[PDB]
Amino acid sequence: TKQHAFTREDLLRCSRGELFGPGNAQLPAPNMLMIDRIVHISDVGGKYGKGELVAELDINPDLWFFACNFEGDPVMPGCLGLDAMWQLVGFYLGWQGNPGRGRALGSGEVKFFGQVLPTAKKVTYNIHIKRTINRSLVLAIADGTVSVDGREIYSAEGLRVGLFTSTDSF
């Protein structure tokens, strides 16, 4: 819980298993990695007073998903903005000092009410930690929002991610 911001290089180190070590939380590597940086992470404050993260993804027209999603109608997939939020909540669990590899477990309501176009400059994620367990199973529940250049465009309530020292139950 020592560092309160991470650079892209740190996130890529995490993707290689080199931030949290053997058997522990990894972020997806490119091209599934949906975060460039965590500008702030803490175990206090946020909407429930149980911690929060603020992170960013830089947008430019050349990001791979614009060319296929859709042809002649480029828009960032909503599911990748949602994955950034599961990615962040997983990271938080590792950052707190819990062992195990991440698996998203789901969410309550997800809403997409705006879009990221290839003319956008920056997407900002806000994550509010609602509750963590680490007696027994390791589990985080969180709410999140996605904003593009100042404008709220997605929300997710009850994001759930687990860390697992064995993933043969799945």
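So that there is no doubt, residue numbering starts at 1 and follows the sequence shown.
Looking at 64-72 and 131-139 together, the entry lists the larger mean B-factor for 131-139, computed on C-alpha atoms. Compared with the other modelled residues of the chain, the Cα B-factor recorded for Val39 ranks in the highest third.
Ranked within its chain, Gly158 lands in the lowest third, by CA B factor from the PDB record. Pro77 sits in the lowest third of its chain by CA B factor, as recorded in the PDB entry. For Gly106, the recorded CA B-factor ranks within the lowest third of the chain. Only modelled residues enter the ranking. For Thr119, the recorded CA B-factor ranks within the highest third of the chain. Only modelled residues enter the ranking.
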